[PDB]
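Taking the form deposited in one PDB entry, here's one chain by itself in structure tokens.
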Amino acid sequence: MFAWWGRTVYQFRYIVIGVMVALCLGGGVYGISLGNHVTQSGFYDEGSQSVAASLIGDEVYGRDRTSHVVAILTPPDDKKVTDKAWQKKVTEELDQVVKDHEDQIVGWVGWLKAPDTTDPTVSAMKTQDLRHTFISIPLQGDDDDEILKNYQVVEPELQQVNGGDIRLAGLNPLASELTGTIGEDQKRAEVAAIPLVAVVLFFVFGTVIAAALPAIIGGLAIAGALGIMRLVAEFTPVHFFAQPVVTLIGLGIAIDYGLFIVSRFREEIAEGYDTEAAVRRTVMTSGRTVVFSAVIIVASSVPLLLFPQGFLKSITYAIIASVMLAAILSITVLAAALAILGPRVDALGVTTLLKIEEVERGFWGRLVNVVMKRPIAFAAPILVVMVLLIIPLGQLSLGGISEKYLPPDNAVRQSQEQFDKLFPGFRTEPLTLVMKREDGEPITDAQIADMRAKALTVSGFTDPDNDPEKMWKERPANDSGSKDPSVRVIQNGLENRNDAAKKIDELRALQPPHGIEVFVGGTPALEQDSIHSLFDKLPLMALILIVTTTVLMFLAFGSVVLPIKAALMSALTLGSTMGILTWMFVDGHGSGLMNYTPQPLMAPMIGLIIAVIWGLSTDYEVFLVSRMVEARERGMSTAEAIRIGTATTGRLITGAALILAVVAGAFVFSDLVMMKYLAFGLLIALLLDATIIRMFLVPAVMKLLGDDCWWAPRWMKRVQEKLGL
């Protein structure tokens, strides 16, 4: 199979390069418009009670458009908002923007449209010092994605209102900024990472062409994968976060796959094989390794599909498409490229760009020896410290997206915070009690008061007017609502947002009046229901993830102790990185240096980070411990096999780690705190696996079990033998 392709890829090397490059470039052109076909939904559970509550509320009362855009207007030259000349000028400008963009803007409302109003709420849309007043600009659209697109059409003209002295906040200015970080992080991966990957690869290989080929494969992999995701978007919604994942996870593995087979090819040429034989032998050995690595990653990714969140489903499609294409590219276009180049892959050295030994082996061999001489002296301190690194995970907190996902100095975030300071109480995050009478008869005022009294028995809800009778007010109704009298909604915000899980259960435990059912919704309910469904499915997801990888490791090791030992090592790294991440992003250690706000984490990201870290650690352990098994099966001491595996894989694993560190390190500078969390989790797990696990914990522990590492019942080794994966 790999034998046949190794000969075939040589024979049709020109056809292979031409077809594969055209497909990837054609996919890249198709994938340019992906950013215009992604969605922001997917963080919630579509089957939850809170989602049903939101659908009923919107259907009966109408979609609330008053939070789409809020604009703070400050008169120039220290004038007050009561300046009649200033009022007329800004009013005419706003009317012109609405008239020019009626397809996008419903209109604008606020104190400026009725300065002589007596309504206390409308009169509160201006500050006491008369220096600031704000307006609401509802937008057209039937869903949040369409509404955001409408906002981005009119934003440039809106920002010019009042001589530019207008501050835009609310849902869509922030949603535009949050989704805008995707483009900023992506250019880093393609303008800052790839050049740094090139200098890292040049330090590994020493020649220009050998260093350039893995970078080119990564670029082709990104181009094709974005095109595949664009195709996927035609059939199912694709979350916008799936796009940066392609450029982070897909790019890193694509370059690492390229590094592995280019390294093997140069070693085959150096051993004396001609180009034809070298290509075949590289596919037979390194091509099998990358293909098996791909199935490990795919096996580590598909368990996320158990979760209902569309966000997680979109990520796995991106991951699977990225790794399958990269594996295919590494053994089709890369192998064909080396077949054409031959030894000329090393032709160009430092001088080209310039114009435009025994000690090392012994030391690393000695380090393994020192570790094995006193293994408990190494394993015991490492085991203790890694367990202590799990302790901060006990302080795990979970929430949802806000303006705090942006750095504290972000302009749009600061406009939002200025609005909440100048105009307190206008922003709310209420829990809703969606009352429905199954009889179809109208809900009475007494029944609404019965429900309010029940909700007033739950502590922790805000009382701004100090009167409980003014709490749990009815949701405002819009003209787009059906106003079905059999459905009525009352709502109230929480005093402390972290109490949402407890308070929602209390609300859901209240007995409603006789013939009515109650659905509890609101944004805090949407998050808590999504949190609950994720951790409900997590035990099954973790079970499938562990067993699928362990059997794959058993197929790769031919042992029963080795897959179990490596699963324990994977669990230790997974726990340690999560504690460190909680220590950094919840507790805030490192927040000032990296300019992010400590806050609760996003729950679907822990599921993603579990799958990614488990896959990465399994991938590195499989490659290393194999070379030990391969040395043991041919006849060697257990101590020598550990030394041979470490020496023979040291250059490749270290180089792969350096590559991924550059790629992930580029994304730790993202303005989105969620991306920082994912990129750092990758960096920590990589540093632990490449240094603490590979060089200290693996060689030490494996010496403790001695020759029992290779133990495996023969009726199980026969199944491994009959397949030979």
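Take the two forms, superpose them, and find the largest set of C-alpha atoms that agree within 1.5 Å; that set is the rigid core. Quick note: we count residues from 1 along the sequence shown, nothing fancier.
S.K.: Please count the deposited residues lying between residue 356 and residue 357 that the model leaves without coordinates, and give the class: none, 1 to 3, 4 to 9, or 10 or more.
M.R.: Count of unmodelled residues in between: 10 or more.
S.K.: So 136-144 or 199-207, which one's hotter by mean CA B-factor in the entry?
M.R.: It is 199-207.
S.K.: On mean Cα temperature factor in this entry, is 431-439 or 567-575 the higher one?
M.R.: The entry gives the higher C-alpha B-factor average to 567-575.
S.K.: Take the CA temperature factors straight from the PDB entry and tell me which of 256, 527, 474, 360 peaks.
M.R.: Of the options given, 360 has the highest CA B-factor in the PDB entry.
S.K.: Identify, among 186, 160, 74, 444, the residue whose C-alpha carries the highest B-factor in the deposited PDB entry.
M.R.: If I rank 186, 160, 74, 444 by C-alpha B-factor, first place goes to 186.
S.K.: Thinking about Cα B factors across the chain, which third does residue 691 belong to?
M.R.: According to the entry, residue 691 has a C-alpha B-factor in the chain's highest third.
S.K.: In terms of the chain's CA B-factor thirds, is residue 99 lowest, middle or highest?
M.R.: Highest third, going by the recorded CA B-factors of the chain.
S.K.: Comparing residue 12 with the other modelled residues of its chain, is its CA B-factor in the lowest, middle or highest third?
M.R.: Tercile = middle for this residue's CA B-factor.
S.K.: Using the temperature factors of the C-alpha atoms in this entry, rank residue 386 within its chain: lowest, middle or highest third.
M.R.: Highest third - that is where residue 386 ends up once the chain's C-alpha B-factors are sorted.
S.K.: Could you place residue 23 in the lowest, middle or highest third of its chain by Cα temperature factor, using the values in the record?
M.R.: For residue 23, the deposited C-alpha B-factor lands in the lowest third.
In what follows, reference is made to the form deposited in another entry, a form of this protein that is not presented.
S.K.: Upon rigid core superposition, which of the listed residues (127, 597, 207, 74) is displaced by 2 angstroms or more at its Cα between this form and the one not shown?
M.R.: Once the cores are aligned, the residue moving by 2 Å or more is 207.
S.K.: With both forms fitted on the core, give yes or no for whether the Cα of residue 433 moves by 2 angstroms or more between this form and the one not shown.
M.R.: It does not reach a 2 Å shift.
S.K.: Relative to the superposed rigid core, does the CA atom of residue 492 travel 2 Å or more between this form and the one not shown?
M.R.: No, its C-alpha moves less than 2 Å.
S.K.: Aligned on the rigid core, do the two forms place the Cα of residue 342 2 Å or more apart, comparing between this form and the one not shown?
M.R.: Shift of 2 Å or more: yes.
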